[PDB]
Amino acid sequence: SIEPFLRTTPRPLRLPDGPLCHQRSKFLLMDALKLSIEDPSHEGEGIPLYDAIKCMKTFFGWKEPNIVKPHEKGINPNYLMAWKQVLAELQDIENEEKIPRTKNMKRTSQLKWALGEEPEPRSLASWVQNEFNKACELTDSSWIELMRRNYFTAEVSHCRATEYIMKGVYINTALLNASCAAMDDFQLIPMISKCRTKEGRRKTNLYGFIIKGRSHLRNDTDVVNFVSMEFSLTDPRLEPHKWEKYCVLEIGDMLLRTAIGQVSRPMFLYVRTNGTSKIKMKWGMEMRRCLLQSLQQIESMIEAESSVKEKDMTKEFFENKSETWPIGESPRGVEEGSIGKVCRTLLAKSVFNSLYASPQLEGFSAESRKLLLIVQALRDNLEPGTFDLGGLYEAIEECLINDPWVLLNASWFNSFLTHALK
């Protein structure tokens, strides 16, 4: 047992300095706005374009679009015209007798430009954590329909992370089917999800639209470009840094019954060019694994107090919300929460790893795990080998460049370290 002053105490990870990091998800998350219709009792999925037009008719404040925050590295008139083009093509759909299953758009110069026919460091913005927190919360809707599996499902079904799973399975499946069927065409794809309301009725939700570019996906790695056009009530001027990749239009005036009364708030459209791949789409389609996986994680945490007290305390832990796990960290103190919070926190982590999947995250995960093990052994006073901490910190920190989710994960590790080796 070597002398104290020789023992190595893992230092915090160094996060790069830079302009604040920017949104890089395939679709909006907390800033999303749904325009929704209540499905009939019989229900029966209608045609996406029909539903989309129906959903848009539930809003009554549409106005002439204008640019309120430009894409610095873009031709912003093309984004405005792209939106007007989408409305014109929806008008054309409306005028035909039958609604078609798919709509191929005119390949105008604005769409060809936008469909296209980063190693600079960034500092961690607070929006990333704020996102994670929103994913952890409960919505008033349930996004999943129907062991310890049942109690787990009660908790996550109304969870915002679960909305994101269903949103992402829908969009990626639409996008993939369009990619196979219409490789040359610029297809207009409604972004739709379905949920069940507190009252029990089924609801269809329009978040906006995606225009698919050319999609000759010979390989897994081959990329398809797309323009995303997404409603939101978020004013881009609150956090401009978040929206660096976007052109933002003002498209409408929305009425909200606020805490003072009826306010008019502007509705916006967040527009950007983005890309995806056969393999990335297929992974988006697999996002329901995120429920199986976080389920496995929770069942394993309930297989610790099941081989400690010689009797599974599932009905206990779930039925009694007096048992708590450490979940957050106010500088006030370590926030604790019911098994529900834990289920949702873990889901949100699994989901966010899917949504923000990247090479940086692959590196960070493989390396930070090994340091994590060392930190746990140090905390248990076990004297692990620290001889390779130099190589390990290097392997981790070369993954800390600009990816917002990796940066957040690094920042989380640093907090854990402080508390672990206090």
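The first residue of the shown sequence is 1; numbering continues from there.
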| property | result |
| --- | --- |
| Unresolved deposited residues in the interval that joins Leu255 and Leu256 | none |
| Between neighbours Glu97 and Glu96, residues that the deposited sequence lists but the model omits | none |
| Stretch exceeding the other in mean C-alpha B-factor - 368-376, 36-44 | 36-44 |
| Stretch with the higher entry mean CA B-factor, where the candidates are 282-290 and 239-247 | 282-290 |
| Top Cα B factor in the deposited entry, candidates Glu163, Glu230, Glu131, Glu335 | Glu335 |
| Identity of residue with top Cα B-factor, from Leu115, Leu80, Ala182, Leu295 | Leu295 |
| Chain third (lowest, middle, highest) by recorded CA B-factor, residue given as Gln23 | lowest |
| Lowest, middle or highest third - CA B-factor, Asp51 | lowest |
| Modelled-residue ranking by C-alpha temperature factor, third containing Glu64 | middle |
| Lowest, middle or highest third - CA B-factor, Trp143 | middle |
| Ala174 - Cα temperature factor, lowest/middle/highest third of chain | middle |
